[PDB]
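Enquirer: Partial complex here, more coming in a sec:
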Amino acid sequence: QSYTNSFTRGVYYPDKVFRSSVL
Amino acid sequence: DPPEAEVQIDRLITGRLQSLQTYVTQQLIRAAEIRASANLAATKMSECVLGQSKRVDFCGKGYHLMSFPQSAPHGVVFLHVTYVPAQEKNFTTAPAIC
Amino acid sequence: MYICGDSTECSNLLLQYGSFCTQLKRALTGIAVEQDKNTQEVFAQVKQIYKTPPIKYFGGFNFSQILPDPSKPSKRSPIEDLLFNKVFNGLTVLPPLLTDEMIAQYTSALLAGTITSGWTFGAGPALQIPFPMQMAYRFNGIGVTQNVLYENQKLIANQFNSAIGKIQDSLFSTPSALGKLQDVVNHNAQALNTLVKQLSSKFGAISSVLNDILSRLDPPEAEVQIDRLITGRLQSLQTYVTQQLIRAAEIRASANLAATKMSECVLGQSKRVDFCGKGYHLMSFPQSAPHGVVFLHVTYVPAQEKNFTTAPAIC
Amino acid sequence: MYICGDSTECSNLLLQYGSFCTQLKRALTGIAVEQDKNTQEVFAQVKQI
């Protein structure tokens, strides 16, 4: 085992809804 | 029953409390614009009536001469006496003469 | 349509609430017809529509960036042209009574009558007067003799032309100049978007959709869940109306000031200090803008002071 | 804190009532920023001291 930084990843689509040019 | 009545009374207490708040909230908004129009009428009385105004169109259209207050139900009426030119004539003019 | 939508079960429950809906409809109608009185008081001050002469020589003064542009279809002045490029659940937006092409004619009539007549058109008949002789009267209004203008007319004309030129460079380059107008457009969009987003709230009900309540719950018991939505949505609609009544009083307070500046700064010469800009007021020029008005205050600022020895009297 | 204090059970129930907290918070901020503008317009009328 070891330890490493995860940085800014692991983001998934929370749902199956289309959105365009939104925050 | 007392338990069944207390449930259907709070619907009338909450219904009429929101009916009183909606009334008082609108009276505060209306009274804010009556005060705005009552601060203006006190300015017209001080300046149009108790003096002669050089401000344009503040005391009526034209050149102000004098005004007369008349009371009215829940208000005031001003009779603005003004000077209006008439019968203009064409002329030739110069800035200076040598 | 906002509280219930296409729902007969909800509409019947909403009727047993008195005139809560009628009060809101009266409140928004009083605001709407008020916004057409604010625009009329500021601009619709001239009896007639004055026009500038075909020849645009006003003694060396250059009002090209102020007078209407004939080449553009909209007939807006070059400054007005760049002022306009810087700024459904039962909710409808009504169009203003005066089109932006009719407000520009009201402004053009105020500019054409000021350059030609001076302040005479605001107190009766419009009596023409040469612009170098109109500016000599406005120097006598600030305590400077009229021989000062005639002997510095070419110098004074250039200082006005250059000052108008920098006006575009201030609005064209520097942002946030029209933040007063943009703020009253942002606050209206936030209020409407917040009003829509509260149709997704539950307010304690089983769900936020009326159709999902009538089917998933018994009609004897679904009435209670609807009453939670009706109570919640009726309050979120009264909140919207109340804030409009407060904002419409800020606009009416600033629409009365803009009507006071048009009467006194534009249709005359003002002696009130700092009412029409820093300095000694000479002229002012209106320029329309989206949901607003812009005044270009021409003022006289002294410069190049010098020390002297003074006495009260002389024996 | 005014409505729920430090109860997480209450806090979750407060979310179902829409963005009422956000409107109340932005309304009071507009008042506070204005009060600093009222003071400046009256007194800060001189460029120099």
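Expert: Thanks, I have it. Numbering: from 1, shown residues only, chains lettered A, B, ... in the order given.
Enquirer: Count the neighbours of the closest residue to residue B:71 other than its chain neighbours for me.
Expert: The shortest distance from residue B:71 to any non-neighbouring residue, by C-beta to C-beta, 6 or more residues apart in numbering or on different chains, is to residue B:77 (7.5 Å). C-betas here are computed from N, CA, C, even on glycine. Counted by other C-beta atoms under 10 Å in any protein chain shown, the residues lying close to residue B:77 total 10.
Enquirer: wait, residue B:77 sits on residue B:70?
Expert: Yes - if you go by C-beta atoms under 8 Å, residue B:77 and residue B:70 touch, sitting 4.3 Å apart.
Enquirer: Could you say which helix or strand holds whichever residue of chain B sits closest to chain D?
Expert: Per C-beta to the nearest C-beta, residue B:25 is where chain B lies closest to chain D, at 14.4 Å. If you go by DSSP states H and E, residue B:25 is part of helix B:2-44.
Enquirer: how much space between residue B:67 and residue D:23?
Expert: 46 Å (C-beta to C-beta, to the nearest Å).
Enquirer: Likewise for residue A:11?
Expert: Using C-beta to C-beta, residue A:11 is found at 30 Å from residue D:23.
Enquirer: same question, residue B:78
Expert: The spacing between residue B:78 and residue D:23, counted by C-beta to C-beta, is 43 Å.
Enquirer: Which secondary structure state is assigned to the spatially most central residue of chain A?
Expert: A centroid search over chain A (C-alpha atoms, centre = their mean) returns residue A:11, at 1.0 Å, as the residue closest to the centre. Under DSSP: H, G, I helix; E, B strand; the rest coil, residue A:11 falls in the coil class.
Enquirer: here's chain E, add it to the model above:
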Amino acid sequence: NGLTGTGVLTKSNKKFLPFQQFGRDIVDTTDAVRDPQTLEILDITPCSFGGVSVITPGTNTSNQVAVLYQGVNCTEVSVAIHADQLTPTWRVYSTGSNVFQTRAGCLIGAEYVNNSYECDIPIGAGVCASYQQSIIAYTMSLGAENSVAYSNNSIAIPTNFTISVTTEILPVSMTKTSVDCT
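Expert: Same chains as before, plus chain E:
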């Protein structure tokens, strides 16, 4: 597929990712949907609605009225009127010459004229209406055109005057009320 509602379906240029079912707007309202049997994205627009304003010369003068369907294209009111799907059942007579497309909505019952007068009944977007008989809709005139005779060395001086008296009315006070809550 369980997503219910009412609206007008049309072909949409939106490009769904191949795992999505529908779309949402900035206000969390549905704007599109994928057909479960065709795998095509269908834009959803709500069925038309708006206000209805009735222009009246006054019952003392005539019983004629003109109806303004605010924010509606005349092409869709006439389509819905023919198909009988407009909420307000009552229908104004439409003689082709009395239907006009203003920038505020579809105006039925008023004949548009090319003249211009002072505004009597403000409709919106520069269009007014009056009774002159029948109901006429026109573009309001801002005032009488004037052209002052500006010249390099010409001035106009009044040779007379007029003393005019004008009246201004200002509210001062409201009506005081006290309410017992209990």
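Enquirer: Take the neighbour count of residue B:77 again, chain E included.
Expert: Other residues lying near residue B:77 total 14 when counted by other C-beta under 10 Å.
Enquirer: For it, give me its contacts.
Expert: B:69, B:70, B:71, E:167, E:168, E:169, E:170 (C-beta atoms under 8 Å, 6 or more residues apart in numbering or on different chains).
Enquirer: Mind doing that once more with 10 Å?
Expert: Residues in contact with residue B:77 (C-beta atoms under 10 Å, 6 or more residues apart in numbering or on different chains) are B:41, B:68, B:69, B:70, B:71, E:167, E:168, E:169, E:170.
Enquirer: again with residue E:130
Expert: Contacts of residue E:130 (C-beta under 10 Å, 6+ apart): E:55, E:57, E:110, E:113, E:117, E:118, E:119, E:120, E:121, E:136, E:137, E:138.
Enquirer: again, only this time at 6 Å
Expert: Residue E:130 makes contact with E:120, E:136 under the criterion C-beta atoms under 6 Å, 6 or more residues apart in numbering or on different chains.
Enquirer: Look up how far residue E:170 lies from the residue positioned nearest the centre of chain B.
Expert: Residue closest to the average C-alpha location in chain B (C-alpha atoms, centre = their mean): residue B:37, at 2.9 Å. Going from residue B:37 to residue E:170 by C-beta to C-beta gives 6 Å.
Enquirer: Look up the closest residue to residue E:121, ignoring the ones flanking it.
Expert: The shortest distance from residue E:121 to any non-neighbouring residue, by C-beta to C-beta, 6+ apart, is to residue E:129 (4.4 Å).
Enquirer: go ahead and place chain F:
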Amino acid sequence: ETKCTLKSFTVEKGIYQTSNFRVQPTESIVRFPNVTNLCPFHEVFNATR
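Expert: Chain F, in position alongside the others:
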């Protein structure tokens, strides 16, 4: 409808906002996913023996 809005039998000159117009739906369109995974009914009903 103008008279009932004002609750009067006499209407003055003006323009009155009376009601709201809605275009009613014409027909309903229900679409569901493709029906697949057909049962082997013919393997029993249409057996050779």
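Enquirer: Go back to the neighbour count of residue B:77, now with chain F?
Expert: For residue B:77, the neighbour count with other C-beta under 10 Å is 14.
Enquirer: If it is in a bridge, with which residues?
Expert: Following DSSP bridges, residue B:77 is listed with bridge partners residue B:70, residue E:169.
Enquirer: circling back to that earlier point, tell me how far the helix holding residue B:25 lies from the chain's centre.
Expert: Centroid separation for helix B:2-44 versus its chain: 23 Å, with C-alpha atoms, centre = their mean, to the nearest Å.
Enquirer: likewise stretch E:59-79?
Expert: With C-alpha atoms, centre = their mean, you get 10 Å for stretch E:59-79.
Enquirer: buried ones in that stretch?
Expert: Buried residues in stretch E:59-79, counting neighbours by 16 or more other C-beta atoms under 10 Å in any protein chain shown, are found at E:59, E:65, E:66, E:67, E:68, E:69, E:70, E:71, E:72, E:74, E:77.
Enquirer: Please flag which of these sit within helices.
Expert: E:74, E:77 (DSSP state H).
Enquirer: Dump the buried residues of stretch E:59-79 to JSON lines, plus distance to residue E:146.
Expert: Shown next, in JSON lines, are the buried residues of stretch E:59-79 (distance: C-beta to C-beta, whole Å):
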{"residue": "E:59", "distance to residue E:146": "39"}
{"residue": "E:65", "distance to residue E:146": "37"}
{"residue": "E:66", "distance to residue E:146": "33"}
{"residue": "E:67", "distance to residue E:146": "38"}
{"residue": "E:68", "distance to residue E:146": "33"}
{"residue": "E:69", "distance to residue E:146": "38"}
{"residue": "E:70", "distance to residue E:146": "35"}
{"residue": "E:71", "distance to residue E:146": "37"}
{"residue": "E:72", "distance to residue E:146": "39"}
{"residue": "E:74", "distance to residue E:146": "37"}
{"residue": "E:77", "distance to residue E:146": "41"}
